[PDB]
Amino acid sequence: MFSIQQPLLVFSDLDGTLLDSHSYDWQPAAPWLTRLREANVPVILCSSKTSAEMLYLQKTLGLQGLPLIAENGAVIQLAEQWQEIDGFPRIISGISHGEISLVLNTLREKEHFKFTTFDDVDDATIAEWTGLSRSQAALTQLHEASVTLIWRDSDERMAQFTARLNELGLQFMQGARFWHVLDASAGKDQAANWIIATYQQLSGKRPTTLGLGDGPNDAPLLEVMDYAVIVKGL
């Protein structure tokens, strides 16, 4: 008899632990993550990276067709098998990359905040900044619902900048190396919540969830998990 298994979901926010940095289309984790997928232990990649970058990374890890959380929760990729879910294939914040760029330029032109976004440079410069190839650097440039930037001003100028972003319905998010601007009402936890709720309605059964982070700022995502671990490579 056909049966929908209780969902056992892994939320993975492991920048620079799980991936091989210099390595290519050939990820050491792929054989492993492939067998987990086949046993129905879905690994849901969650990241500040763009949808396009995430989707390519998902494919090289053997996880294509699974949900994922991109752009800090501003973009949610739906499972391949979720055709009937409102929002399929992808849920993007109503505040696009384009409108955020408009906002950031207005603030820069008028108030003279000092910063450089990923949009202000070519992909050879992003390749240099990130250590990616030109090609991966290109996908790192295709934001849908956020902007990545380097902040080049003082802490007090940053404070007046967050405040100004906040009153416009935007948040200013600190990642490992860069800052991110996106819809204030979006977030890795919010995205995760929605994904969990979807598995729960489809299956009829409460998902059990596991979050993997590699730092203290993974807290929001990890807070909503049943089980949460910080992992440290050797």
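The first residue of the shown sequence is 1; numbering continues from there.
70-78 and 138-146 differ in mean CA B-factor, and the higher of the two is recorded for 138-146. With 211-219 and 6-14 compared on mean CA B-factor from the PDB entry, the stretch scoring higher is 211-219. Note on the listed residues 116, 106, 93, 154: the highest Cα temperature factor in the record is that of 93. In this entry, the residue among 196, 176, 182, 165 with the greatest C-alpha B factor is 176.
Residue-level temperature factors show residue 85 in the highest third of its chain, judged at the C-alpha atom. For residue 160, the recorded CA B-factor ranks within the middle third of the chain. Only modelled residues enter the ranking.
For residue 99, the recorded CA B-factor ranks within the middle third of the chain. Only modelled residues enter the ranking. When the modelled residues of the chain are ordered by their C-alpha B factor, residue 172 lands in the middle third.
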